[PDB]
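First up is the structure itself, then whatever we jot down about it.
Heavy atoms only: backbone and side chains are in, while hydrogens, waters and symmetry mates are out. Residues take their numbers from the sequence shown, with the count starting at 1.
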Amino acid sequence: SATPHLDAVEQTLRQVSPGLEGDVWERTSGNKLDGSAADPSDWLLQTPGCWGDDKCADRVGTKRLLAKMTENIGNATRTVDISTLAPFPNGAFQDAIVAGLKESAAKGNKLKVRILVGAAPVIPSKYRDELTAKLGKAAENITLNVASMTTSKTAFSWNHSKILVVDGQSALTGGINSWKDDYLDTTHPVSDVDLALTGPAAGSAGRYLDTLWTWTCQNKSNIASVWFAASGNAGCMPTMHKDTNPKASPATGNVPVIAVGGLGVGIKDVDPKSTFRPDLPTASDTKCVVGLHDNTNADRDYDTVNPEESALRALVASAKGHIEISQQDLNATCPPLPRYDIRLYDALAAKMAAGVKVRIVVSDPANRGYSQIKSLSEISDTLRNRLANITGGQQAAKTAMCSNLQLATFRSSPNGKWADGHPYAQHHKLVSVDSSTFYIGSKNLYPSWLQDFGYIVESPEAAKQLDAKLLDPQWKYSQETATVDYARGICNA
Ligand SMILES: *P(O)(O)(O)OC[C@@H](COC(=O)CCC)OC(=O)CCC
């Protein structure tokens with residue numbers, strides 16, 4: 001096959017969540033990574049994009065991100081569909097949205113617009129009002145829905161997806177919250193990444209948002225769950241995408257993609273079509289407390305409505321050669337979450353045991369918002385213990401780990417910290433395998449029970465672009481913090 005990695009992932013998803021195929025996950029063909037003619041890699045919307053400079057003077061990544069948001073929105077003829085994590089977009093993120101809506105309205109277009117945020121159980125009516133004011137005359141052309149939502153207080157579940165879909169044709173998604181203080185007006189900007197694509201896979205994002213809004217609209221009268229606000233006398237629009245855009249978006253290229261999300265907890269309890277029978281592993285050091293119900297490691301029905309967890313574990317399991325992971329964290333704070341995803345660590349262990357190389361770059365523990373560990377040993381100890389189950393013991397585990405692991409914290413320049421003295425915060429949710437297939441989205445690899453979304457793309461060209469523009473510069477600067485680095489014989493773990 002031309003797509004051995006997506007083929008494997010797809011086969012897993014059809015066993016895990018068959019009743020969600022089309023809505024919460026979907027394989028499509030005919031997509032394009034949406035880069036410029038001058039710089040074809042600039043579909044990769046990294047931020048800040050200031051490699052080598054501890055002052056972050058020339059933020060070529062931020063500039064391109066904000067420009068691309070406005071470009072895509074400004075090309076709208078029918079719909080604009082946005083999700084993110086609260087707070088609502090502010091600063092130049094909000095400026096970019098407003099500029100795009102005005103651009104589209106001046107071209108004579110009448111738009112439907114949804115903006116959904118997940119929140120701890122902010123104020124939609126105020127954001128609607130702020131936006132309507134800033135739109136000016138353009139607001140005459142726009143039907144707006146704005147909502148904040150919480151799906152489960154006790155499982156800590158709410159939207160965490162960060163999506164911008166225009167006309168079902170273009171989509172930007174990734175880890176980037178639209179938070180000016182963390183990303184923009186700061187001399188220690190968070191490092192993160194979105195991608196830009198067009199094609200049928202953008203339609204997949206639209207159908208995922210219809211799923212979230214269908215729940216949101218159904219619960220709009222429940223005060224503990226949803227705060228909703230619309231323009232004019234407009235109603236809640238649960239199926240804006242299905243109602244307004246083609247069931248299949250137009251093809252724009254030849255890139256194959258799996259779109260995959262999750263429903264968290266409190267939307268749907270199980271996929272009743274699923275006959276998934278997982279082999280669930282055991283461990284004594286993930287569930288820190290006996291009271292905790294562990295959805296990540298011990299709830300079959302949870303997996304069936306959260307295909308993304310399985311998709312990420314299958315993407316790791318597909319690797320023949322090498323895996324690069326860039327995350328805020330691999331481990332979560334317990335309670336209320338378990339410390340780690342056993343199956344994911346077991347998948348990484350299986351790969352190292354077979355000589356497949358694994359690089360994990362996480363955020364510096366000095367950030368502990370943007371870190372949940374005290375030391376890289378909380379990751380290496382765990383990988384070692386899981387390797388021990390399949391290599392015959394602790395010594396042979398340590399050897400397999402030291403021979404096949406790169407483990408480090410993130411820097412973007414020679415300096416251990418930004419020049420203002422703040423540690424580098426990293427927030428990517430990135431996995432790449434074999435210079436071939438990669439995930440960019442909102443789903444963290446640490447235990448998390450939220451609504452999330454992302455794309456798995458099988459395109460060696462784009463993955464090599466990803467290498468050049470992001471992973472290579474990352475490892476250039478980050479390798480100096482490594483506790484384990486097989487490429488240099490370092491093994492301080
Ligand atoms: P993400 O990867 O930073 O954008 O968020 C995951 C993170 C924070 O979620 C929140 O909602 C923080 C409150 C606004 O992890 C959690 O889910 C912890 C929840 C407090």
Looking only at the side chains, is there a donor atom on one of [X] and [Y] sitting less than 3.5 Å from an acceptor on the other?
X	Y	value
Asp23	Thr211	no
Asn444	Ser448	no
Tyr370	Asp182	yes
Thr198	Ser170	no
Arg27	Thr3	yes
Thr151	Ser157	yes
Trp215	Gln451	no
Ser442	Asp452	yes
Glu378	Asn331	no
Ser436	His5	yes

If we ignore hydrogens and angles and just use 3.5 Å, is the side chain of [X] paired with the main-chain N or O of [Y] as donor and acceptor?
X	Y	result
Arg78	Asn245	no
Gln372	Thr333	yes
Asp301	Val270	no
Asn367	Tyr424	yes
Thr286	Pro338	no
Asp34	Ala196	no
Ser326	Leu430	no
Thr437	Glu458	no
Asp434	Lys320	yes
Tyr455	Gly174	no

Which heavy atom of [X] sits nearest a heavy atom of [Y], and at what distance?
X	Y	result
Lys357	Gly355	NZ-O, 3.0 Å
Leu280	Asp299	CD1-N, 4.5 Å
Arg300	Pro278	CG-CD, 3.5 Å
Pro281	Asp346	CB-OD2, 3.5 Å
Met149	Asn159	SD-N, 3.4 Å
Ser413	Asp54	OG-CB, 3.4 Å

Side-chain ion pair, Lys464 and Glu461, N-O less than 4.0 Å:
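Salt bridge: no.
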I'd like to know if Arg14 pairs up with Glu10 as an ion pair, taking the criterion as any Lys NZ or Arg NE/NH1/NH2 lying under 4.0 Å from an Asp or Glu carboxylate oxygen.
yes
Before giving the answer on side chain to side chain contact (heavy atoms under 4.5 Å, CB included), spell out for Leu172 and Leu45 the whole-Å C-alpha distance, their side-chain angles and the decisive distance to 0.1 Å.
CA-CA 9 Å; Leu172 311 188; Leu45 299 182; 3.9 Å; yes
Euclidean distance, [Y] [atom2] relative to [X] [atom1], rounded to 0.5 Å:
X	Y	atom1	atom2	answer
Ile82	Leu116	CD1	CG	10.5 Å
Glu309	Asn297	CD	CG	10.0 Å
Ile325	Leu312	CD1	CG	9.5 Å
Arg59	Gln46	CZ	CD	13.5 Å
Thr47	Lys63	OG1	NZ	12.0 Å
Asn90	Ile97	CG	CD1	10.0 Å

4.5 Å side-chain heavy-atom contact, [X] and [Y]:
X	Y	answer
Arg114	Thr79	no
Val316	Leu348	yes
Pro307	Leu20	yes
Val24	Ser17	no
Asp58	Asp53	no
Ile342	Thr296	no
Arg359	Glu324	yes

Taking atom [atom1] of [X] as the centre, report whether more than 12 heavy atoms of other residues, nucleotides or ligands fall under 6.0 Å from it.
X	atom1	value
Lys268	NZ	yes
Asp185	CG	no
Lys351	NZ	yes
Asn415	CG	yes
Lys476	NZ	no

Could I get the full list of side chain to side chain contact (heavy atoms under 4.5 Å, CB included) partners for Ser36, not counting sequence neighbours?
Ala38, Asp39, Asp42
Those residues that, when tested against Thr382, pass side chain to side chain contact (heavy atoms under 4.5 Å, CB included) (two or more places apart):
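With sequence neighbours excluded, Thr382 shows a side chain to side chain contact (heavy atoms under 4.5 Å, CB included) to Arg339, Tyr340, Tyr345, given in chain and number order.
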List for me each residue that meets ring pair (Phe, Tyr, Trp, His ring centres under 6.0 Å) alongside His188, sequence neighbours excluded, and say none if there are none.
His422
Indicate the ring-plane relationship of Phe438 and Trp43, choosing parallel, tilted or perpendicular according to the 30° and 60° boundaries.
parallel
Going by the angle between their ring planes, with limits at 30° and 60°, are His427 and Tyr183 parallel, tilted or perpendicular?
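Plane angle over 60°, so perpendicular.
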Result of checking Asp279, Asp294, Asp303 against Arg343 for salt bridge (charged side-chain N to carboxylate O under 4.0 Å, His left out)
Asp303
Check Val358, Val484, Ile360 against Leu383 for a side chain to side chain contact (heavy atoms under 4.5 Å, CB included) and give me the one that passes.
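Exactly one candidate clears the test, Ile360.
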Using the side chain to side chain donor-acceptor pair (under 3.5 Å) definition, which of the options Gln426, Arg411, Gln479 pairs with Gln474?
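It is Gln426, the one option of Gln426, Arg411, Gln479 that forms the side chain to side chain donor-acceptor pair (under 3.5 Å) with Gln474.
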List the steps and the verdict of side-chain hydrogen bond (donor to acceptor under 3.5 Å, both in side chains) for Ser83 and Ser161.
CA-CA 6 Å; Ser83 69; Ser161 66; 2.8 Å; yes
Verdict with supporting geometry, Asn177 and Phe93, side chain to side chain contact (heavy atoms under 4.5 Å, CB included)
CA-CA 9 Å; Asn177 291 311; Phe93 289 113; over 6 Å; no
